[PDB]
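Below is one structure, written out as structure tokens; comments come after it.
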Amino acid sequence: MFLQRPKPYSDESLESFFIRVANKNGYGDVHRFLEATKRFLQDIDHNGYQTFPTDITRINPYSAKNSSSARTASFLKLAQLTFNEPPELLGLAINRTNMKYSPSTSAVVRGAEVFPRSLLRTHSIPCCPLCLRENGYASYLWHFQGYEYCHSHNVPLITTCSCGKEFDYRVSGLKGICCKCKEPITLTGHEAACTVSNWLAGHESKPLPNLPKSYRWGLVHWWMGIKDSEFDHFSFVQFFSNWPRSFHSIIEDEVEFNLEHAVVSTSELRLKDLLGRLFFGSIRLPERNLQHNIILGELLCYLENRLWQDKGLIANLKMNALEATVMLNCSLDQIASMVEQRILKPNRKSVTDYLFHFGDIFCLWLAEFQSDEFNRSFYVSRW
Amino acid sequence: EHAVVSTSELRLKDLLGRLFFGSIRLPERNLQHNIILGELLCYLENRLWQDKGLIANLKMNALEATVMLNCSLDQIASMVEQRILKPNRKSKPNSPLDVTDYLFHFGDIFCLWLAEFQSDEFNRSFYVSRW
Amino acid sequence: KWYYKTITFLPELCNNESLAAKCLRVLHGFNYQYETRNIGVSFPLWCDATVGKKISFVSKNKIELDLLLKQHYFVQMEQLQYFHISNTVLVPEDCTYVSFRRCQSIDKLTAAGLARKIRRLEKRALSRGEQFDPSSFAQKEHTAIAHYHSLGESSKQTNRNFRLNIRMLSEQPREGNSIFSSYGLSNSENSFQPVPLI
Amino acid sequence: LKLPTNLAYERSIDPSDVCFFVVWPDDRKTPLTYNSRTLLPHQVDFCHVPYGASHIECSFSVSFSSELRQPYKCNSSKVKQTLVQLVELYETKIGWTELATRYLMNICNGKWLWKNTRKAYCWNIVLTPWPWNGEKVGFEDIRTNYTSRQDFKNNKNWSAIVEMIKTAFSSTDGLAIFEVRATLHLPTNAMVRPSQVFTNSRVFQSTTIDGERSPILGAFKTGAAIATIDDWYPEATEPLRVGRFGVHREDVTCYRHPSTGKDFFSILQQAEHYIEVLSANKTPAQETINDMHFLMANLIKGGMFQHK
Amino acid sequence: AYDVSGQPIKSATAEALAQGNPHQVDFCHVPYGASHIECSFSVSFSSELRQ
Ligand SMILES: [Zn+2]
């Protein structure tokens, strides 16, 4: 077929795009448009023949398992074969990514910005009914569990109306009419969260840092890592209100409590015991880019300055080899090659046993593994 | 023009070999900075399906998939037992993973980079919105 | 007075049919560059499975053989040592003459060729005012065809992908007429001509 | 729920071979013929639409039947009861309309014409059900109309047909026979793709019409096409052919692998649970009725659920 | 895929259950144009049950 695209926005969810291209060219309901594109990918031979989605809830490639490749191929073809001028149709698609967030949690990228999977709204996605009525599209940010207020209207997102006891634009139609009753849907620490949600979009907020909008969600997921659940925006904004002070107090308080409450004595004390949760819960956010990963930056700065304070109690913390492979991106293979080459000091002679200290490994990362962005010079010239 | 092989077996190693695998990690594959990998990928994407899939149907080996999109051949094994990949030839018994035989198509690995592997900065949206 | 210059393909992984087809492409471009037609081709290893590693250019003319063999494409795949060029040699002892002929009657056997044939037939018969029924010209149920090889080819003036269905038939060196098809093959309508299979 | 040593179900959907015919502008039908080229013995076959052929008919006959009500064998009646009651309670709680619809859709749009519609101008499915009182029920231009379940429901005879199918699936001895004819249109000299025979070498599976041989899509290939309903599975993307472990053929690996608890014999091990889940006056979850839909379709396909 | 006592098989991977195995069956079916199927036989009742 041949279609025309409407006024392409930058921050507009893929489903919103398909809605406003279906109801623009020739189709009454977007479902019909999905079957139309499926027939299109039938006509021109393809692989999205089979797995192209016809329900709007599962368009983004992260929905299809072992078919995301085919769906992105499909979006690529659509983008240069079915429009008067090519749209940026693939950049809006929320698809998986290989990179993780610090504790064993996967991530999904959209455009140039990668979010943690931990906060994705697998269901019941809210909406800014006003923004729906004015702009006519659904912003992507509504899909994530941080964006709880419209950064443009400072209103809490309407997840359930009165007529529609649960609402989503993916079935509504980018207009204010509920599922059961046809009527305008528009109804309704506010600022403590409005600033956070505005900062989640690419923007600035006074207490929160100017990280890339991929590392902001990293901050949020890390905060939920400390606050065992329940991301609240107020504690976040006040924690970044005194930034170099609060986090230093936190690592001090966590570090001092661990050293008293440790059950085994000092020399055999390990670093997953002392500084256990902070260090490895910040090491990989979007990535260890120390310029952006402000948390790991500050933690490494604080550790470097106090590396030798008390008998080098920090420096002589036993970390197992596998934790060295995390401290500095490496393979157990390569650290093995390093220690047999006599680069590292396996205090006892002779592989997942704790045989290396922190200090000898920290200086090792300084010497032989300091990357372009996983780089020391990014944090030393900080506050 | 001077390909000693037919097109259905034309690989990516020979056709467009030195350029691609010579620009894949200049310092690291940040497509905002690694401008030449960015433009090469833009050029290839804009001509994926031009002549009955000339670029698209380019044979690629596992040890080339592992460098076009960061992962270990064991992770590729995990991607191909999950059938996220399309091993155009059948290895019937018990999946003996041959990491050297040209087995995937470049287009179907470019698309597999576009979802499942578009990392923080190794991202498509860096080059498409350019000149 | 048969000069010949062989070419053997070096790369141990190479589809010989494609390389031979490109050699014939450039030979055809030559034969249309200079209106010469006196360079025939031979495949000294016309195996069952494939055309062999070699394609030889045979001619009664001596200057045209090496004029062709130093064309741009050949020198190019020479410096990349894909090809091996020999020298312009004669050969009177290899009387094992054959005829590599473009067996055109093989293209009238594919369904899209039978369609062409029937369309032409009825376009003729209706001009002759005769009654043509395209419902009788049923496809043959079993068409076993002799062994042959196919070299894909295209035309610059009108884009299409045809195939020289080249087939090697034994023969005796009855006479040197010194005329080959533009693709360097012997064809029955032009002066049929055998070639020394080196 | 243990799996007995003799359990077997006879199949309900019984399709026939799909025989092709060629209709000339004089409106007489001659069966298709296919070249069988052989190089000198791989014998690759070639079936293309003849030159002047106006269009091409594809006829077959599919019979729905109530052979799923009672297991064809149960060496232990204790399990026969929990399956006949399973079928009864399924039919009562969630009627046959979903399985019946998802079968009749594959019948009424060209899906048994597996690949022969990639390049087709239009194909019309005319349908003659046997226990019928009206005229023939005809769907036309299936890529212009009848593209989604709703368009099917919009045809004036659709409800009657689905009613007949769910009857055949409901009655103790009901059946419903449909003779389906697809007047398919292909471009001039287009490729028809009958079912290859199991043995490059492409040799067609074929029959003999008017004494001379013609290509066919097998009865089992067609039965496989009608049973591409299984969209209920983990992360379901596109329908599968109903199977004990939802297998795919293009990308070999098999979804519903018994490692996951969504294969057949795993959700049969919980048939006793499903009986009481249905028996409640409240409606069951969507996922559990998807599990039971797959279970019922796997019974309709019939087979051997034994462990010797 | 299962062994007795309901335990999955570690060697029956999702690629092993997907391998299509072939069978061979004899297939009889009415020819296309054939109107109907005659079926003929002869049954003889006798009094071989008296003695
Ligand atoms: Zn808004």
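Letters for chains follow the order of the structure tokens (A, B, ...), residue numbers begin at 1 for each chain, and ligand numbers begin at 1 in the order shown.
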Quick one: residues within 9 Å of residue 17 of chain E, only C-alpha atoms counted, chain neighbours fewer than 2 positions away excluded, as a tab-separated table (two decimals) with N, CA and C atoms, in the first residue's frame?
chain	number	residue	atom	x	y	z
D	245	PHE	N	3.39	-30.97	21.49
D	245	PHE	CA	4.38	-29.98	21.89
D	245	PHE	C	4.46	-29.01	20.73
D	247	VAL	N	4.99	-27.49	17.80
D	247	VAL	CA	6.17	-27.51	16.97
D	247	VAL	C	6.02	-26.48	15.86
D	253	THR	N	12.74	-25.37	16.13
D	253	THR	CA	12.56	-25.58	17.57
D	253	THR	C	11.10	-25.46	18.00
D	254	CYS	N	10.75	-26.25	19.01
D	254	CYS	CA	9.37	-26.53	19.37
D	254	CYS	C	8.94	-25.78	20.62
D	257	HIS	N	7.51	-26.80	24.88
D	257	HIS	CA	8.38	-27.91	25.19
D	257	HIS	C	8.11	-28.39	26.61
E	1	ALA	N	9.16	-37.76	24.67
E	1	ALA	CA	9.62	-36.64	25.48
E	1	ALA	C	9.61	-36.93	26.96
E	12	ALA	N	15.76	-35.01	25.08
E	12	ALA	CA	14.71	-34.58	24.17
E	12	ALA	C	14.59	-33.07	24.26
E	13	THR	N	15.55	-32.40	23.63
E	13	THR	CA	15.57	-30.95	23.63
E	13	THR	C	14.50	-30.40	22.70
E	14	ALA	N	14.24	-29.10	22.81
E	14	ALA	CA	13.27	-28.44	21.95
E	14	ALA	C	13.63	-28.52	20.48
E	15	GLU	N	14.83	-28.98	20.16
E	15	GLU	CA	15.19	-29.29	18.79
E	15	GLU	C	15.01	-30.76	18.47
E	19	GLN	N	12.13	-32.45	15.36
E	19	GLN	CA	12.51	-33.24	14.20
E	19	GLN	C	11.31	-34.05	13.73
E	20	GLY	N	10.92	-33.84	12.47
E	20	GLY	CA	9.77	-34.53	11.93
E	20	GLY	C	10.14	-35.95	11.54
With only C-alpha atoms considered, list every residue of chain C at most 7 Å from chain D, as a PyMOL selection string. chain C and resi 111-112+115+134-135+139-147
Ligand 1: which residues are within 7 Å, counting only C-alpha atoms and all ligand atoms, as a ChimeraX atom specification? /A:128-132,150-153
Store the residues picked out above in a file with N, CA, C and O atoms, as a PDB file, in the first residue's frame.
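The resulting result31.pdb:
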ATOM      1  N   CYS A 128      -1.846  10.689  30.234  1.00  0.00           N
ATOM      2  CA  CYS A 128      -2.172  12.062  30.571  1.00  0.00           C
ATOM      3  C   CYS A 128      -3.353  12.469  29.713  1.00  0.00           C
ATOM      4  O   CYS A 128      -3.152  12.880  28.561  1.00  0.00           O
ATOM      5  N   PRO A 129      -4.582  12.375  30.216  1.00  0.00           N
ATOM      6  CA  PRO A 129      -5.746  12.617  29.348  1.00  0.00           C
ATOM      7  C   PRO A 129      -5.704  13.974  28.677  1.00  0.00           C
ATOM      8  O   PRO A 129      -6.019  14.088  27.482  1.00  0.00           O
ATOM      9  N   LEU A 130      -5.296  15.008  29.413  1.00  0.00           N
ATOM     10  CA  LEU A 130      -5.122  16.313  28.795  1.00  0.00           C
ATOM     11  C   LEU A 130      -4.159  16.231  27.626  1.00  0.00           C
ATOM     12  O   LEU A 130      -4.522  16.581  26.501  1.00  0.00           O
ATOM     13  N   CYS A 131      -2.948  15.724  27.870  1.00  0.00           N
ATOM     14  CA  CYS A 131      -1.943  15.654  26.817  1.00  0.00           C
ATOM     15  C   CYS A 131      -2.446  14.836  25.639  1.00  0.00           C
ATOM     16  O   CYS A 131      -2.129  15.138  24.482  1.00  0.00           O
ATOM     17  N   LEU A 132      -3.244  13.803  25.912  1.00  0.00           N
ATOM     18  CA  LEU A 132      -3.904  13.082  24.833  1.00  0.00           C
ATOM     19  C   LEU A 132      -4.766  14.018  24.006  1.00  0.00           C
ATOM     20  O   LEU A 132      -4.708  14.009  22.773  1.00  0.00           O
ATOM     21  N   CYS A 150       2.723  14.069  34.589  1.00  0.00           N
ATOM     22  CA  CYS A 150       3.027  14.616  33.278  1.00  0.00           C
ATOM     23  C   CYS A 150       3.988  15.782  33.428  1.00  0.00           C
ATOM     24  O   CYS A 150       3.642  16.811  34.014  1.00  0.00           O
ATOM     25  N   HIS A 151       5.198  15.619  32.897  1.00  0.00           N
ATOM     26  CA  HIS A 151       6.200  16.672  32.981  1.00  0.00           C
ATOM     27  C   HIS A 151       5.740  17.967  32.338  1.00  0.00           C
ATOM     28  O   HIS A 151       6.372  19.004  32.550  1.00  0.00           O
ATOM     29  N   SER A 152       4.675  17.931  31.543  1.00  0.00           N
ATOM     30  CA  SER A 152       4.170  19.132  30.907  1.00  0.00           C
ATOM     31  C   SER A 152       2.981  19.742  31.626  1.00  0.00           C
ATOM     32  O   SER A 152       2.779  20.955  31.528  1.00  0.00           O
ATOM     33  N   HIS A 153       2.202  18.942  32.349  1.00  0.00           N
ATOM     34  CA  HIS A 153       1.019  19.436  33.028  1.00  0.00           C
ATOM     35  C   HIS A 153       1.051  19.235  34.532  1.00  0.00           C
ATOM     36  O   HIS A 153       0.142  19.719  35.214  1.00  0.00           O
TER      37      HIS A 153
END
Helix (DSSP H, G or I) call set, DSSP backbone run, segment 20-119 of chain B, as number ranges by chain: B: 20-23, 35-45, 62-68, 73-81, 106-114
Written file, previous selection with N, CA and C atoms, as a short mmCIF file (atom, residue, chain, number, x, y, z; two decimals), in the first residue's frame:
data_model
loop_
_atom_site.label_atom_id
_atom_site.label_comp_id
_atom_site.auth_asym_id
_atom_site.auth_seq_id
_atom_site.Cartn_x
_atom_site.Cartn_y
_atom_site.Cartn_z
N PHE B 20 34.12 -2.98 6.84
CA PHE B 20 33.29 -3.26 8.01
C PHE B 20 34.14 -3.73 9.18
N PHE B 21 34.75 -4.90 9.06
CA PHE B 21 35.53 -5.43 10.16
C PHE B 21 36.78 -4.62 10.43
N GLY B 22 37.05 -3.59 9.64
CA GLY B 22 38.10 -2.65 9.93
C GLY B 22 37.62 -1.37 10.54
N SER B 23 36.32 -1.18 10.69
CA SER B 23 35.80 -0.02 11.37
C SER B 23 34.91 -0.35 12.55
N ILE B 35 32.35 7.57 13.89
CA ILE B 35 31.60 8.13 12.78
C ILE B 35 31.65 7.25 11.54
N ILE B 36 32.72 6.49 11.36
CA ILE B 36 32.85 5.72 10.13
C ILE B 36 32.04 4.44 10.22
N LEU B 37 32.04 3.78 11.37
CA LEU B 37 31.10 2.68 11.52
C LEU B 37 29.68 3.18 11.42
N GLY B 38 29.41 4.37 11.94
CA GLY B 38 28.08 4.94 11.81
C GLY B 38 27.66 5.10 10.37
N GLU B 39 28.52 5.71 9.55
CA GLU B 39 28.14 5.90 8.16
C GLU B 39 28.12 4.60 7.39
N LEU B 40 29.02 3.67 7.68
CA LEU B 40 28.96 2.40 6.99
C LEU B 40 27.67 1.67 7.31
N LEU B 41 27.24 1.71 8.57
CA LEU B 41 25.99 1.06 8.93
C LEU B 41 24.80 1.78 8.33
N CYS B 42 24.85 3.11 8.25
CA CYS B 42 23.77 3.84 7.59
C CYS B 42 23.69 3.45 6.12
N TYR B 43 24.83 3.39 5.46
CA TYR B 43 24.86 3.01 4.05
C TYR B 43 24.30 1.62 3.86
N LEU B 44 24.71 0.67 4.69
CA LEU B 44 24.23 -0.69 4.52
C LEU B 44 22.75 -0.80 4.82
N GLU B 45 22.28 -0.13 5.86
CA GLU B 45 20.86 -0.17 6.18
C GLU B 45 20.03 0.43 5.06
N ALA B 62 29.62 -17.24 12.62
CA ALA B 62 29.39 -16.95 14.03
C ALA B 62 30.46 -16.03 14.59
N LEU B 63 31.73 -16.26 14.24
CA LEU B 63 32.81 -15.40 14.70
C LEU B 63 32.79 -14.03 14.06
N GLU B 64 31.87 -13.77 13.14
CA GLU B 64 31.62 -12.43 12.67
C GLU B 64 30.38 -11.82 13.30
N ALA B 65 29.39 -12.64 13.64
CA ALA B 65 28.28 -12.15 14.44
C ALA B 65 28.74 -11.70 15.81
N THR B 66 29.73 -12.39 16.38
CA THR B 66 30.21 -12.03 17.70
C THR B 66 30.93 -10.69 17.71
N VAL B 67 31.27 -10.14 16.55
CA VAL B 67 32.00 -8.89 16.53
C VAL B 67 31.12 -7.79 15.96
N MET B 68 30.15 -8.16 15.12
CA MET B 68 29.22 -7.15 14.64
C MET B 68 28.32 -6.68 15.77
N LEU B 73 30.46 -16.39 21.45
CA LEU B 73 29.90 -17.46 20.63
C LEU B 73 29.09 -18.43 21.47
N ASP B 74 29.32 -18.46 22.78
CA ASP B 74 28.43 -19.24 23.64
C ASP B 74 27.10 -18.53 23.82
N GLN B 75 27.10 -17.21 23.92
CA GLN B 75 25.82 -16.50 23.92
C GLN B 75 25.13 -16.63 22.57
N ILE B 76 25.89 -16.65 21.48
CA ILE B 76 25.28 -16.91 20.18
C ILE B 76 24.68 -18.30 20.14
N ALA B 77 25.37 -19.29 20.71
CA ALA B 77 24.78 -20.61 20.84
C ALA B 77 23.46 -20.54 21.59
N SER B 78 23.41 -19.76 22.65
CA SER B 78 22.16 -19.61 23.38
C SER B 78 21.11 -18.85 22.58
N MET B 79 21.53 -18.02 21.63
CA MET B 79 20.58 -17.30 20.79
C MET B 79 20.06 -18.19 19.68
N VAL B 80 20.82 -19.21 19.30
CA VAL B 80 20.43 -20.01 18.15
C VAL B 80 19.73 -21.29 18.58
N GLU B 81 19.89 -21.71 19.83
CA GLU B 81 19.05 -22.76 20.37
C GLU B 81 17.69 -22.23 20.77
N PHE B 106 23.58 -11.64 6.74
CA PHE B 106 23.93 -10.38 7.36
C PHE B 106 22.69 -9.57 7.70
N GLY B 107 21.74 -9.50 6.78
CA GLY B 107 20.51 -8.78 7.04
C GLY B 107 19.82 -9.29 8.28
N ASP B 108 19.83 -10.59 8.47
CA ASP B 108 19.18 -11.15 9.64
C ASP B 108 20.01 -11.07 10.85
N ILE B 109 21.24 -10.59 10.72
CA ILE B 109 22.06 -10.26 11.87
C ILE B 109 22.06 -8.77 12.13
N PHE B 110 21.96 -7.97 11.07
CA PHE B 110 21.71 -6.55 11.26
C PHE B 110 20.41 -6.34 12.01
N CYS B 111 19.35 -7.03 11.60
CA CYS B 111 18.09 -6.93 12.31
C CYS B 111 18.19 -7.48 13.73
N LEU B 112 19.01 -8.50 13.95
CA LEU B 112 19.16 -9.01 15.31
C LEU B 112 19.97 -8.06 16.16
N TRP B 113 20.76 -7.20 15.53
CA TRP B 113 21.40 -6.14 16.29
C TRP B 113 20.40 -5.05 16.60
N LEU B 114 19.43 -4.84 15.71
CA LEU B 114 18.49 -3.74 15.90
C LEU B 114 17.55 -4.02 17.06
#
Tell me the residues of chain A close to chain B, meaning within 6 Å using only C-alpha atoms, as a list in words.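 Only these qualify: residues 66, 69, 73, 95, 96, 97, 98, 111 and 112 of chain A.
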At a cut-off of 10 Å, list the chain E residues touching chain D, using only C-alpha atoms, as a ChimeraX atom specification. /E:1-10,12-20,22-24,27,29-34
Store the residues picked out above, limited to C-alpha atoms, as a PDB file, in the first residue's frame.
ATOM      1  CA  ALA E   1       9.619 -36.638  25.476  1.00  0.00           C
ATOM      2  CA  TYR E   2       8.578 -38.193  28.793  1.00  0.00           C
ATOM      3  CA  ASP E   3       9.753 -41.310  30.540  1.00  0.00           C
ATOM      4  CA  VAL E   4       7.552 -43.403  32.799  1.00  0.00           C
ATOM      5  CA  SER E   5       6.648 -41.782  36.143  1.00  0.00           C
ATOM      6  CA  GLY E   6       6.195 -38.461  34.328  1.00  0.00           C
ATOM      7  CA  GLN E   7       9.691 -37.009  34.055  1.00  0.00           C
ATOM      8  CA  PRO E   8      10.911 -35.005  31.047  1.00  0.00           C
ATOM      9  CA  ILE E   9      13.832 -36.292  29.034  1.00  0.00           C
ATOM     10  CA  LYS E  10      16.992 -34.195  29.226  1.00  0.00           C
ATOM     11  CA  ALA E  12      14.706 -34.584  24.170  1.00  0.00           C
ATOM     12  CA  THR E  13      15.571 -30.947  23.633  1.00  0.00           C
ATOM     13  CA  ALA E  14      13.273 -28.442  21.953  1.00  0.00           C
ATOM     14  CA  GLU E  15      15.193 -29.290  18.788  1.00  0.00           C
ATOM     15  CA  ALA E  16      14.759 -33.036  19.254  1.00  0.00           C
ATOM     16  CA  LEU E  17      10.980 -32.991  19.608  1.00  0.00           C
ATOM     17  CA  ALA E  18      10.829 -30.771  16.552  1.00  0.00           C
ATOM     18  CA  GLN E  19      12.510 -33.243  14.203  1.00  0.00           C
ATOM     19  CA  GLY E  20       9.772 -34.534  11.929  1.00  0.00           C
ATOM     20  CA  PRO E  22       8.388 -40.002   8.733  1.00  0.00           C
ATOM     21  CA  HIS E  23       5.909 -42.841   8.593  1.00  0.00           C
ATOM     22  CA  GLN E  24       4.412 -44.748   5.713  1.00  0.00           C
ATOM     23  CA  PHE E  27      -3.998 -44.360   1.550  1.00  0.00           C
ATOM     24  CA  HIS E  29      -9.686 -42.547  -1.306  1.00  0.00           C
ATOM     25  CA  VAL E  30     -12.489 -42.031  -3.784  1.00  0.00           C
ATOM     26  CA  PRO E  31     -11.175 -40.763  -7.135  1.00  0.00           C
ATOM     27  CA  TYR E  32     -12.155 -37.227  -7.949  1.00  0.00           C
ATOM     28  CA  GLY E  33     -14.996 -37.581 -10.418  1.00  0.00           C
ATOM     29  CA  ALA E  34     -16.247 -40.903  -9.097  1.00  0.00           C
TER      30      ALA E  34
END
Would you pick out the contacts of residue 82 of chain C at 7 Å or less, using only C-alpha atoms, so that residues sharing its chain but fewer than 6 positions from it are not included, and give the list as a ChimeraX atom specification? /C:9-11
Can you tell me, as a PDB file with C-alpha atoms, in the first residue's frame, what residues are no more than 12 Å from residue 104 of chain A when counting only C-alpha atoms, ignoring any on the same chain fewer than 4 positions away?
ATOM      1  CA  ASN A  98      21.962  -6.912  25.802  1.00  0.00           C
ATOM      2  CA  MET A  99      23.158  -4.597  28.547  1.00  0.00           C
ATOM      3  CA  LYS A 100      21.960  -5.153  32.093  1.00  0.00           C
ATOM      4  CA  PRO A 116      15.636  -1.038  33.056  1.00  0.00           C
ATOM      5  CA  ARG A 117      13.168  -3.850  32.613  1.00  0.00           C
ATOM      6  CA  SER A 118      12.327  -3.633  36.321  1.00  0.00           C
ATOM      7  CA  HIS A 221      16.607   1.642  39.667  1.00  0.00           C
ATOM      8  CA  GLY A 225      17.868  -1.002  45.009  1.00  0.00           C
ATOM      9  CA  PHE A 280      28.079  -4.389  43.131  1.00  0.00           C
ATOM     10  CA  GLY A 281      24.693  -2.696  43.074  1.00  0.00           C
ATOM     11  CA  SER A 282      26.189   0.304  41.321  1.00  0.00           C
ATOM     12  CA  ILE A 283      28.909  -1.212  39.150  1.00  0.00           C
ATOM     13  CA  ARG A 284      26.798  -1.662  36.015  1.00  0.00           C
ATOM     14  CA  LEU A 285      23.824   0.725  35.599  1.00  0.00           C
TER      15      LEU A 285
END
